[PDB]
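Asker: My structure is in my_file10.txt, and what it holds is compact mmCIF, C-alpha atoms:
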```txt
# COMPACT_ATOMS: atom_id res chain seq x y z
CA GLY A 5 -110.56 -10.16 6.09
CA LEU A 6 -111.60 -9.28 9.62
CA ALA A 7 -113.74 -6.48 8.20
CA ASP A 8 -115.93 -9.09 6.55
CA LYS A 9 -116.80 -11.19 9.60
CA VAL A 10 -117.27 -8.36 12.11
CA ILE A 11 -120.88 -7.95 13.17
CA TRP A 12 -120.45 -5.23 15.77
CA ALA A 13 -117.69 -3.20 17.48
CA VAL A 14 -117.43 -0.37 20.01
CA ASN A 15 -114.48 1.45 21.60
CA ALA A 16 -115.91 3.32 24.55
CA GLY A 17 -113.70 6.39 24.61
CA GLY A 18 -113.27 7.90 21.18
CA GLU A 19 -115.62 8.35 18.23
CA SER A 20 -116.41 6.09 15.24
CA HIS A 21 -113.07 4.55 14.26
CA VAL A 22 -112.08 2.05 11.61
CA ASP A 23 -109.27 -0.25 12.73
CA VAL A 24 -106.58 -1.19 10.18
CA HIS A 25 -108.16 -4.62 9.75
CA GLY A 26 -111.34 -2.84 8.77
CA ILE A 27 -113.14 -2.92 12.11
CA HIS A 28 -115.44 0.10 12.56
CA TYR A 29 -116.23 1.06 16.14
CA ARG A 30 -119.76 2.39 16.75
CA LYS A 31 -119.30 6.01 17.95
CA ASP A 32 -120.29 5.73 21.66
CA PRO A 33 -123.59 3.87 21.11
CA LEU A 34 -124.53 2.98 24.68
CA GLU A 35 -124.24 6.13 26.86
CA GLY A 36 -127.26 8.04 25.63
CA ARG A 37 -126.03 6.49 22.41
CA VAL A 38 -124.18 9.76 21.77
CA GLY A 39 -120.51 9.96 20.86
CA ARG A 40 -117.95 12.32 22.34
CA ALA A 41 -114.30 11.45 21.80
CA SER A 42 -112.74 11.96 25.18
CA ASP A 43 -109.18 11.29 24.02
CA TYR A 44 -107.50 14.17 25.90
CA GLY A 45 -104.39 12.22 26.87
CA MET A 46 -103.21 11.04 23.45
CA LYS A 47 -99.73 11.42 24.89
CA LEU A 48 -100.13 8.05 26.58
CA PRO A 49 -99.57 5.48 23.80
CA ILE A 50 -101.03 2.00 24.24
CA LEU A 51 -97.68 0.86 22.79
CA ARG A 52 -99.05 -2.37 21.34
CA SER A 53 -101.14 -0.54 18.77
CA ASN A 54 -100.42 1.60 15.71
CA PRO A 55 -101.42 5.30 16.19
CA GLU A 56 -104.95 5.10 14.74
CA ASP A 57 -106.08 1.76 16.11
CA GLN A 58 -104.19 2.73 19.23
CA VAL A 59 -106.83 5.44 19.57
CA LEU A 60 -109.34 2.60 19.26
CA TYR A 61 -107.44 0.84 22.06
CA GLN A 62 -106.58 3.88 24.21
CA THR A 63 -109.42 6.38 24.37
CA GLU A 64 -111.71 6.02 27.44
CA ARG A 65 -115.18 7.30 28.35
CA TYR A 66 -116.86 8.20 31.64
CA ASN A 67 -116.82 5.35 34.16
CA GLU A 68 -119.70 5.52 36.60
CA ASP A 69 -121.55 2.22 37.10
CA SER A 70 -122.60 -0.94 35.28
CA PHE A 71 -123.01 0.08 31.65
CA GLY A 72 -123.44 -2.49 28.93
CA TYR A 73 -123.57 -3.18 25.22
CA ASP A 74 -126.36 -4.56 23.06
CA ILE A 75 -125.01 -6.83 20.29
CA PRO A 76 -128.09 -7.96 18.30
CA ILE A 77 -127.55 -11.57 17.25
CA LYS A 78 -129.79 -13.51 14.88
CA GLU A 79 -127.55 -16.46 14.03
CA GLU A 80 -125.37 -19.15 15.59
CA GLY A 81 -121.66 -19.96 15.36
CA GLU A 82 -118.46 -18.91 17.13
CA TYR A 83 -118.66 -15.24 17.95
CA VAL A 84 -115.37 -13.96 19.18
CA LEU A 85 -115.68 -11.03 21.49
CA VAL A 86 -112.23 -9.54 21.72
CA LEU A 87 -112.27 -6.32 23.66
CA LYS A 88 -109.18 -4.23 24.18
CA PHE A 89 -109.04 -2.79 27.66
CA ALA A 90 -106.84 0.04 28.85
CA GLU A 91 -106.40 1.63 32.28
CA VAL A 92 -104.36 4.69 33.22
CA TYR A 93 -105.69 6.21 36.45
CA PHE A 94 -105.13 4.44 39.76
CA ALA A 95 -102.00 2.32 40.12
CA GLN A 96 -103.28 -0.68 42.07
CA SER A 97 -103.49 -4.41 41.37
CA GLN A 98 -105.96 -7.07 42.60
CA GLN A 99 -108.17 -4.30 43.96
CA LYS A 100 -109.60 -2.56 40.93
CA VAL A 101 -111.31 -5.76 39.85
CA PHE A 102 -113.93 -5.23 37.19
CA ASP A 103 -116.79 -7.39 36.01
CA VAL A 104 -116.94 -8.43 32.40
CA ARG A 105 -120.10 -10.18 31.22
CA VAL A 106 -120.90 -11.57 27.79
CA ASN A 107 -124.70 -11.68 27.55
CA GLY A 108 -124.83 -11.67 31.32
CA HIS A 109 -122.06 -14.24 31.49
CA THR A 110 -119.28 -13.13 33.84
CA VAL A 111 -116.22 -14.27 31.95
CA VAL A 112 -113.83 -11.87 33.63
CA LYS A 113 -115.10 -11.09 37.10
CA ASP A 114 -111.78 -9.81 38.44
CA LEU A 115 -110.58 -7.57 35.62
CA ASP A 116 -107.68 -5.60 37.07
CA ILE A 117 -105.98 -4.10 34.04
CA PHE A 118 -103.07 -2.47 35.88
CA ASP A 119 -102.03 -5.87 37.23
CA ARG A 120 -102.39 -7.59 33.87
CA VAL A 121 -100.59 -5.01 31.73
CA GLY A 122 -98.47 -3.40 34.43
CA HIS A 123 -97.75 -0.24 32.47
CA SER A 124 -99.85 1.68 29.95
CA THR A 125 -100.30 -0.81 27.10
CA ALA A 126 -103.09 -2.77 25.41
CA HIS A 127 -104.91 -5.45 27.41
CA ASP A 128 -107.04 -7.92 25.47
CA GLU A 129 -109.63 -10.45 26.52
CA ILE A 130 -110.49 -12.83 23.70
CA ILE A 131 -113.88 -14.32 24.47
CA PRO A 132 -115.10 -16.89 21.91
CA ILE A 133 -118.76 -17.82 22.32
CA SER A 134 -120.37 -20.88 20.81
CA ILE A 135 -124.01 -20.48 19.84
CA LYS A 136 -125.96 -23.51 18.70
CA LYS A 137 -129.72 -24.00 18.40
CA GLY A 138 -130.25 -20.65 20.09
CA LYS A 139 -128.05 -21.40 23.08
CA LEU A 140 -124.94 -19.39 23.77
CA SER A 141 -121.96 -21.04 25.44
CA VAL A 142 -119.15 -18.80 26.68
CA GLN A 143 -116.08 -20.83 27.64
CA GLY A 144 -117.81 -22.97 30.26
CA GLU A 145 -121.00 -20.99 30.82
CA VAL A 146 -123.92 -22.38 28.82
CA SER A 147 -127.28 -20.63 28.72
CA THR A 148 -129.97 -20.02 26.12
CA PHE A 149 -129.37 -16.92 24.01
CA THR A 150 -131.94 -14.14 24.32
CA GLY A 151 -132.32 -11.29 21.84
CA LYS A 152 -128.74 -10.09 21.72
CA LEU A 153 -125.29 -10.41 23.23
CA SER A 154 -125.13 -8.23 26.29
CA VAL A 155 -121.77 -7.04 27.51
CA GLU A 156 -122.32 -5.60 30.96
CA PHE A 157 -119.23 -4.34 32.68
CA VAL A 158 -119.56 -3.37 36.31
CA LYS A 159 -117.49 -0.96 38.37
CA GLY A 160 -114.99 -2.40 40.81
CA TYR A 161 -112.84 0.18 42.53
CA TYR A 162 -114.77 3.20 41.21
CA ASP A 163 -113.77 2.46 37.61
CA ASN A 164 -115.05 -0.38 35.55
CA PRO A 165 -113.45 -1.32 32.16
CA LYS A 166 -112.11 2.19 31.64
CA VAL A 167 -111.13 1.93 27.99
CA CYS A 168 -113.32 -0.53 26.14
CA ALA A 169 -112.27 -1.47 22.61
CA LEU A 170 -115.17 -3.98 22.38
CA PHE A 171 -114.90 -5.91 19.14
CA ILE A 172 -117.30 -8.76 18.39
CA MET A 173 -116.55 -10.69 15.21
CA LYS A 174 -118.50 -13.57 13.73
CA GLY A 175 -117.97 -17.22 13.14
CA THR A 176 -114.59 -18.24 14.57
CA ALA A 177 -111.59 -17.47 16.78
CA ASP A 178 -109.23 -18.59 14.00
```
Show the structure stored in the file as structure tokens.
Answerer:
Amino acid sequence: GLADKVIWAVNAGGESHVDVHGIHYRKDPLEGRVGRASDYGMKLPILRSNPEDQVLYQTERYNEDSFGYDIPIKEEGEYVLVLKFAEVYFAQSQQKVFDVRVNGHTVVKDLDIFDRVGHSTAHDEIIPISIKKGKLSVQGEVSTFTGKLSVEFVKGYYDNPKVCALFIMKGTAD
């Protein structure tokens, strides 16, 4: 029943896709908020994922600079931001280190997918946030919540989070 608790989800790369657990990615909602499935290399399976949700975990958009998501939040609880990252471009580790921020909060400021996955597969960062009384605590970073959850990912070695299967679900990590 993941489809029930999801509040927001975006795979930067493809276009409007429902994952097999019922998780519908918002067709490229942040770059001009216009969607253009830039699959192209569907011949590079993410391995970990079944063909359709693999698309949701494989397709990438146009990396340029710090581009970020707006996840409007109006409640409190454990919001679990689990984004699936993929990278198939420049084979280098501990150099292509991306920034990953959850409402400004740099949770993964070092994201080098190639090092973490090694070969073309599905990388996942599971980021549970705890909001209480209007304050949003991510892992060990505690700050007051403001307006929405803001996932800003910043370019490291040219690329930032290349494929971005952003999935924020509500209420719990369990």
Asker: Just want the 8 Å neighbourhood of residue 112 in chain A, counted on only C-alpha atoms, with same-chain residues fewer than 3 positions away dropped. Output as a tab-separated table (two decimals) with C-alpha atoms, keeping the file's coordinate frame.
Answerer:
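File selection_21.tsv, as written:
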```
chain	number	residue	atom	x	y	z
A	102	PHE	CA	-113.93	-5.23	37.19
A	103	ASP	CA	-116.79	-7.39	36.01
A	104	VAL	CA	-116.94	-8.43	32.40
A	105	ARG	CA	-120.10	-10.18	31.22
A	115	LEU	CA	-110.58	-7.57	35.62
```
Asker: Compare A:82, A:156, A:145, A:91 by their minimum atom-to-atom distance to residue 120 in chain A, counting all atoms listed in the file, and give me the closest one.
Answerer: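 The closest residue to residue 120 in chain A is A:91.
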Asker: Provide the CA of residue 109 in chain A to CA of residue 14 in chain A distance in Å, to one decimal place.
Answerer: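 It comes out at 18.6 Å.
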Asker: Restricting the calculation to only C-alpha atoms: of A:77, A:27, A:34, A:84, which residue gets closest to residue 149 in chain A?
Answerer: A:77
Asker: Restricting the calculation to all atoms listed in the file: of A:50, A:135, A:75, A:158, which residue gets closest to residue 101 in chain A?
Answerer: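 Closest residue, counting all atoms listed in the file: A:158.
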Asker: Would you list the contacts of residue 123 in chain A as a short mmCIF file (atom, residue, chain, number, x, y, z; two decimals) with C-alpha atoms, in the coordinates of the input, taking every protein, DNA or RNA residue within 12 Å and counting all atoms listed in the file, but skipping same-chain residues closer than 2 positions in sequence?
Answerer:
```cif
data_model
loop_
_atom_site.label_atom_id
_atom_site.label_comp_id
_atom_site.auth_asym_id
_atom_site.auth_seq_id
_atom_site.Cartn_x
_atom_site.Cartn_y
_atom_site.Cartn_z
CA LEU A 48 -100.13 8.05 26.58
CA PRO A 49 -99.57 5.48 23.80
CA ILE A 50 -101.03 2.00 24.24
CA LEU A 51 -97.68 0.86 22.79
CA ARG A 52 -99.05 -2.37 21.34
CA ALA A 90 -106.84 0.04 28.85
CA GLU A 91 -106.40 1.63 32.28
CA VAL A 92 -104.36 4.69 33.22
CA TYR A 93 -105.69 6.21 36.45
CA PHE A 94 -105.13 4.44 39.76
CA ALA A 95 -102.00 2.32 40.12
CA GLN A 96 -103.28 -0.68 42.07
CA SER A 97 -103.49 -4.41 41.37
CA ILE A 117 -105.98 -4.10 34.04
CA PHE A 118 -103.07 -2.47 35.88
CA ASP A 119 -102.03 -5.87 37.23
CA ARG A 120 -102.39 -7.59 33.87
CA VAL A 121 -100.59 -5.01 31.73
CA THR A 125 -100.30 -0.81 27.10
CA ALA A 126 -103.09 -2.77 25.41
CA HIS A 127 -104.91 -5.45 27.41
#
```
